[PDB]
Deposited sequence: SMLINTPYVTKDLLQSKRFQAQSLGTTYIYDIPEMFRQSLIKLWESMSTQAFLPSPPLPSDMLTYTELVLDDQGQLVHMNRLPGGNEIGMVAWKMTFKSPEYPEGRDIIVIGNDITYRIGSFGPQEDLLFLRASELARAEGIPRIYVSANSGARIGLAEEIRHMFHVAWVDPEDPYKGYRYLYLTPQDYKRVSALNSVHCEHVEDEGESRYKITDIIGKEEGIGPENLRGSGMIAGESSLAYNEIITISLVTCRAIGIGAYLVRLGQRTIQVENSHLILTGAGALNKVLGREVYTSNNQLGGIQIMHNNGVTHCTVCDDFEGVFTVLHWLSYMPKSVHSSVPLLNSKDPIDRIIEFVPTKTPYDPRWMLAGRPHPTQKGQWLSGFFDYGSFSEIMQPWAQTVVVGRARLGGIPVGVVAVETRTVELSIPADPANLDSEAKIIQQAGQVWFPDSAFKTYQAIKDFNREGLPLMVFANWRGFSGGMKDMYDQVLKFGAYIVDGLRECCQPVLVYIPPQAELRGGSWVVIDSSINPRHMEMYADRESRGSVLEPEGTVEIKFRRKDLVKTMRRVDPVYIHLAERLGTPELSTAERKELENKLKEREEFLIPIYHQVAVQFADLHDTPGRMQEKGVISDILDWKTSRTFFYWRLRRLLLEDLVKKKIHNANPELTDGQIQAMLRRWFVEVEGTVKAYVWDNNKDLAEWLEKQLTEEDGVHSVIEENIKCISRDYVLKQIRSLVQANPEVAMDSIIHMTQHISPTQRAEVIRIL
């Protein structure tokens, strides 16, 4: 087939032929079923033929999408798209996605207006159904061209033919040549008599070939816009295979979640172009500009893979944490890591890799045993690892509930900054980034993680351990203030549970606390402190510095140090010689000075006792003091009901949008007490037990809530009709005639009663 020819052509470009992608999904999906059986209890996999179904989406005459079951290799434009349904470990009954891909073999994978349109319409469909959009990008950006019909027939109006370097005046077509293109919308000319001959001065070249013109600019913008909207409406993921150029780059980025194969590059302008502009061979490879060594290191790319197969797997792997559609809840697994276990790994005052805290680590002594982490064994999947490494973000599972995750590096990061080849001064610098601090990069990565996960529909778990934002000259100049603010915007827009936990030996202070306080989004945020955690506006050393200065240290001495006491007691005698006095005062001053260091230490301790969880809870800024060993169990159940409670409350809100978050809470709580009895109030505060109860309501008499909501809606619909008539009374009479047109003859009787 031309098929053999095209696959070779793709391989020779270091990518996969577009129509091989679907089967690459099937193979990857098999690998997923295998890898996940480690982590969870799964049913027996389906047979591979029943595992996946695809249908090609193709543009009709009217530019409308049409589902077509045709043989591969049939594309007449440089873009291909499919709807795919497949059975996965997390969604064994099946889940749908839309996949769009460039065909790098068709016109070097350029983006013409038709290519742009298919992309648009596939995206539009993804949004229509609420399902994720996967884009495989391997392209050359917007299509380029010159009007062939004119190129081969134009003439130059030389200042002087016997010397061209004396300049030219204009380009033109002979009347013979004009008389043919003229009918066809190819050029605009103005006739002129010049040097004796009659000529057609070319003023504009329009070009009879559609798709090589500024229409491509609109088309590109068009799908740029679409992608911006998509990110905000559905799950978007993108895989960069060979190269994504220009609009290709922008689409990949607007999609946000990005996988990049090694040796692929993601660029706006090519090393060649730039070298010509700079007058020498500055850059040797596009990877210098757009390779993973730029984009993985700056957070544009989330993950890198060695090949296309591993790319597709990653897509499916990510989706395994994500709800099937936007109308859907997060997909739960039955994990092999039990829920009622203790966490063996313990965070320490000594610095440590926080990945150990999340995923666990190998045992230092009797290997190959395993010090268990907080999350389900094998569930933590990081992203953006090498960028802003002061913070660590990823997805994991807690009892098989997928969550998004943020944690803090405690060890000093050593950031390597590559040399700018453009600039001959630049050598590769090496920067210290302290642990437990937000820098501009870290703050940005944190914000990004918050946004992305939130749009996937995941709950959030923040393991807060930040001493502050770096507030030094450089970092302030580098806009650390701007990005700290963003974290606030980010959390405020969260729509599912956000649980913040200060782990043992962690601390949370001042600026860092303020931008993640539960107050920002009380509807959804919750804050917890381990017994062995600490938190304040200001750390003890800095507090003492301001509010336990010398005068106060000495006061403390006067109360506690016996020597000072004795001396002070004597200065408190009347009728002393000014001699004896000055001697005493000096003895006291010497004592004071000798005692200051130790008493300073006492002072920081004193301050530290103010910063405890005990106080935090008492003052109402945290929901509970937890204990790390059992934090996993706690959080499973808590998250589990937060999710269920939310699900029911969402139903209530639909019944009557006018009801406050607050009144809704109360209403549900009141309905529980009504059903289960005033005697059982306390149960409400038990996560496990309320979780079981809520679930039974949602899945004869477990139509108790369901009945109340029907009530709430009836009432609202009444209030709504009332409001309309209040505003529009001439409408009353006719509304009734229409309303009565059918109802029970015994209700017609009643109507007459009431009026």
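Residues 1 to 11, 711 to 713 of the deposited sequence have no C-alpha coordinates in the structure.
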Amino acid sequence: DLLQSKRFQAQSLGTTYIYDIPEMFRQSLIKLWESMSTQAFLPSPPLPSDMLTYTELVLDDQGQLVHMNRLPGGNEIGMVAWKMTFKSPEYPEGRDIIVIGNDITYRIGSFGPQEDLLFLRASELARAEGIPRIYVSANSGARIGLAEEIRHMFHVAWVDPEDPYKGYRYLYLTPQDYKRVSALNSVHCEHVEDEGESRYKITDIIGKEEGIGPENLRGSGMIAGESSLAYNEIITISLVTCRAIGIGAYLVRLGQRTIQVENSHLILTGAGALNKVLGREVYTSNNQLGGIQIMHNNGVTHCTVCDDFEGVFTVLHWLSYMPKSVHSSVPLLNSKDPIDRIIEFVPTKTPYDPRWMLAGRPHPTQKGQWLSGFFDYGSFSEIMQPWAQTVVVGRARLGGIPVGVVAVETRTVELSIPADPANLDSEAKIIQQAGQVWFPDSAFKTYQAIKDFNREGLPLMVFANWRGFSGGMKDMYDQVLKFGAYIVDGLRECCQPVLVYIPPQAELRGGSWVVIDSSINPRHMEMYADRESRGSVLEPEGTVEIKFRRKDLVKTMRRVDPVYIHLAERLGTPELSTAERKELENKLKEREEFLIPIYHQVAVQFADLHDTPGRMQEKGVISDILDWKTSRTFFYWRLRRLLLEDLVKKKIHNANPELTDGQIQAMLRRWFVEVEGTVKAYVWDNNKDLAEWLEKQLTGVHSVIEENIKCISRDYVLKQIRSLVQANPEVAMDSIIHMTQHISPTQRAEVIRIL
From here on, numbers count along this sequence of modelled residues.
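Checked against the record, the higher mean CA B factor of 227 to 235 and 93 to 101 lies with 93 to 101. Comparing the deposited coordinates for 681 to 689 and 115 to 123, the stretch with the larger average C-alpha B-factor is 681 to 689.
Across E190, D517, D478, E507, the entry's maximum B-factor at the CA atom is seen for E190.
Which of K650, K83, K429, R133 has the largest Cα B-factor in the deposited entry comes down to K429. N298: CA B factor lies in the lowest third for its chain, per the PDB record. Ranked by Cα temperature factor within the chain, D608 sits in the lowest third according to the deposited record.
Ranked by C-alpha B-factor against the other modelled residues of its chain, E645 falls in the lowest third.
In this PDB entry, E262 carries a Cα temperature factor that places it within the highest third of its chain's modelled residues.
When the modelled residues of the chain are ordered by their C-alpha B factor, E456 lands in the lowest third.
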